[PDB]
Each structure stands twice: as C-alpha cells, then as structure tokens.
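Engineer: Sharing an experimental structure here, sequence included.
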Amino acid sequence: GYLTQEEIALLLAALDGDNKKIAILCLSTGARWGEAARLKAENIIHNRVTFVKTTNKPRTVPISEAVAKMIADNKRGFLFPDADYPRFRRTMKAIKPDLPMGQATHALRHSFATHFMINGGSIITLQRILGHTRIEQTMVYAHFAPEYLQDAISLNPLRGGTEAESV
Amino acid sequence: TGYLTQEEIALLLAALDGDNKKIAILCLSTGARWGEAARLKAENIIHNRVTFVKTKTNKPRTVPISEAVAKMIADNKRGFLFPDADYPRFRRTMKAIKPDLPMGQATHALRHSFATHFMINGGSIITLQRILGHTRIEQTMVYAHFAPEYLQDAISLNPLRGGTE
C-alpha cells in the first residue's frame, strides 16, 4: 500500500499548515509520522535530518535546502507545534479509501520507499535510510525494482567482450 | 570474499588456454561457478542466453551473453561445450595469480569477480541475486559494500525529487 504521484498531489493540496509540512518531510525521508512530528530545529544540521533515539537507533537523512527552508527557518524547539494527526488521517483516508486501519502513520513512509525503488534506488541504501536493522525488512519493497538481466553483459568485468588487456 | 582485480583477470586470461580460457570468460560474463559452466551442453545455450539448471543450493536461471561470447563458446552444436576442461590446471594457474585465495575457492573466484565488479559498476544487488541464483538476498549481500556511495539519493529519488511539490 502506497500513494501514487497523483495521490501525493491530491494529498499535499488538501493538507495545510504543519500537517502539510510533516507530509512533505515524510515523503522526502521515509520518516514515520511520529518521528517527523516530534522533530526539533536542533535536529537539522547542514540539511541533514537526525531522527533521534527512541524504540529505534538514531539515523540521519539528507533533505534539500528547499525542504529544510520550508520546515525549519526562523524556528526553534519543536518544528511542528500545530501538528494535527487525526485531521491528517481523515484527509489521507479520503484520498486512499483502501488504507487499512492505523496505517496512516506509515503510508507516507511506504510511499517514499516504493517510489525510491521504482525510481532506481538501491535496496541497500533504502535499508540505511529507513533504519531497518535487517535487509529482510526492506525486501518488502524489492519487487518494485526493475530487473534487467542484460546488466550481466554491460556491467561484467569484460564489459560484454571476451578480452581483457593489461595496463 | 576474494575477487580478482581487472589486472589479475588480464593475467589469468593470458595464462589460460583452450576450454579452460573459454570457461573462465564465461564465468566472468555470467557469475557461473566453475562446475556449472564446465558441464554446459549445446542445448543450454539458445539465442545468446545461457541456462544454468537447478543444483543442490542454487536456483535455475538464464543469463544473457553477448554475441561475441556466444560465438566463442558455441562451436559444439551437440554435447558438451567444453569437453577438454582441466580443472586442476585452471586451479593451479589461478592460485599462482592470486596466492591469497582461500582453499577450495578456485571454483567460485570468477563468480566473486563477476559479482564484485557488477556492484562496483553500478549494478542492482537485486538483479545480481537473480543472476547468481541465490535463494536469499542475504547471500548476495556479501558484495553490497562494493556498491557506489551516493549520500544524497534520498533527495534525488524521493517522489518529490527533492522539491516541496
């Protein structure tokens, strides 16, 4: 379950305030709703978001200057004091009627991860980004990665030929 | 895991000859283990695609090869592709070239080489798993640390493409 590009457009158009800012951050980083919602300005360092320890290990995810500007400038302490999750959830559910109960906190994370793989991302990198302790956790997104078996030709150490010359 | 560098591959192919050299090229092209490459028959090579059948611990899979590789290995239109393979000589030659090769691993050194260079060259570890016939990605992850490091992929590849849309 994830939001298509069309659904993302509809969602960001129907959200407002800190809710829309949190959505943008989750779609940009794979954050769960909760860890996005409790972000503080001191957790943004040189356009890199730290999700501090909870129960999860700390991890860091880069964001663009544009996103950092939107969510953090001229703000101190908690970035999103006017977060409104039930309102977010109702809007989400209007956009995605087949969303299972309670998964509104993770849909945007699933959207991040799914599009990351569709777009050509590495499952290894996604694991680190999501904070998964095991690759098996991340493999739920693996079927979204295109498999081009002719990579065996172009990427092999002979570049698809029969010859290798020395220095 | 011990793999051959590009230089070592060049030394190896120059030192090998005949069917051994052909098998080495095929392993370097497909990730094949020595054994499954050496027992290939004409029927396993159809229109530039090599089929490696199911074994005790690896999946069946079909791996594409270039016309040039196909032309090199498809002389025999019937029976074994490489009837004059000589694993002991191949193994000796490999060990002289790569003296720190762990015992027993001459059968897999070219597979490790394929896989390692595949990842260095930007290959998807998920496609590699399929090519090698690994049942679990955990087996393929031994090559993961060779993947190129892109510290900003979360920006470039998220559905907003780094924007606020």
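Structural biologist: Sure, I can see it. Numbers count the residues shown, from 1 in each chain, chains lettered A, B, ... in the order given.
Engineer: Residue A:103 and residue B:43: what is the separation?
Structural biologist: The spacing between residue A:103 and residue B:43, counted by Cβ to Cβ, to the nearest Å, is 50 Å. All C-beta spots, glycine's among them, are computed from the backbone N, C-alpha and C.
Engineer: Tell me which of these two has more neighbours.
Structural biologist: Neighbour count, other Cβ atoms under 10 Å in any protein chain shown: between residue A:103 and residue B:43, residue A:103 has more, with 14 against 11.
Engineer: wait, what's in contact with the more buried one?
Structural biologist: residue A:1 (Cβ atoms under 8 Å, 6 or more residues apart in numbering or on different chains).
Engineer: what does residue A:108 give?
Structural biologist: By Cβ under 8 Å, 6+ apart, the contact set of residue A:108 is A:3, A:23, A:26-27, A:31, A:33.
Engineer: filter those by proximity to chain B?
Structural biologist: Among these, proximity to chain B is found for A:3, A:27 (Cβ under 8 Å from any Cβ of the partner chain).
Engineer: For the contacts of residue A:108, which two are the farthest from each other?
Structural biologist: A:3 and A:31 (14.5 Å; Cβ to Cβ).
Engineer: OK, contacts around residue A:125?
Structural biologist: Each residue near residue A:125 by Cβ under 8 Å, 6+ apart is listed here: B:147, B:150, B:153.
Engineer: could I get these as JSON lines with secondary structure?
Structural biologist: As requested, the contacts of residue A:125 are arranged in JSON lines below (DSSP: H, G, I helix; E, B strand; the rest coil):
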{"residue": "B:147", "secondary structure": "coil"}
{"residue": "B:150", "secondary structure": "coil"}
{"residue": "B:153", "secondary structure": "helix"}
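Engineer: quick revisit: now, which of the contacts of residue A:108 sits nearest chain B?
Structural biologist: Within those, proximity to chain B (Cβ to the nearest Cβ) peaks at residue A:27, which comes in at 5.6 Å.
Engineer: Test my guess that the closest one contacts residue A:8.
Structural biologist: Yes: contact between residue A:27 and residue A:8 holds when scored by Cβ atoms under 8 Å: they sit 6.5 Å apart.
Engineer: what's the overlap in contacts for those two?
Structural biologist: Overlap between the neighbourhoods of residue A:27 and residue A:8 consists of A:111, B:159-160, taking contacts as Cβ under 8 Å, 6+ apart.
Engineer: How about the residue most central in space within chain A: what's its closest non-neighbour residue?
Structural biologist: With the centre of chain A defined as its mean C-alpha position, the nearest residue by Cα atoms, centre = their mean is residue A:30, 2.3 Å away. Closest residue to residue A:30 in three dimensions, ignoring its sequence neighbours and counting by Cβ to Cβ, 6 or more residues apart in numbering or on different chains: residue A:112, at 4.1 Å.
Engineer: what does residue A:70 give?
Structural biologist: If the residues on either side of it in the chain are set aside, residue A:70 comes closest to residue B:164, at 5.4 Å by Cβ to Cβ, 6+ apart.
Engineer: For that neighbour, identify the helix or strand it belongs to.
Structural biologist: Assignment of secondary structure by DSSP states H and E places residue B:164 within no helix or strand.
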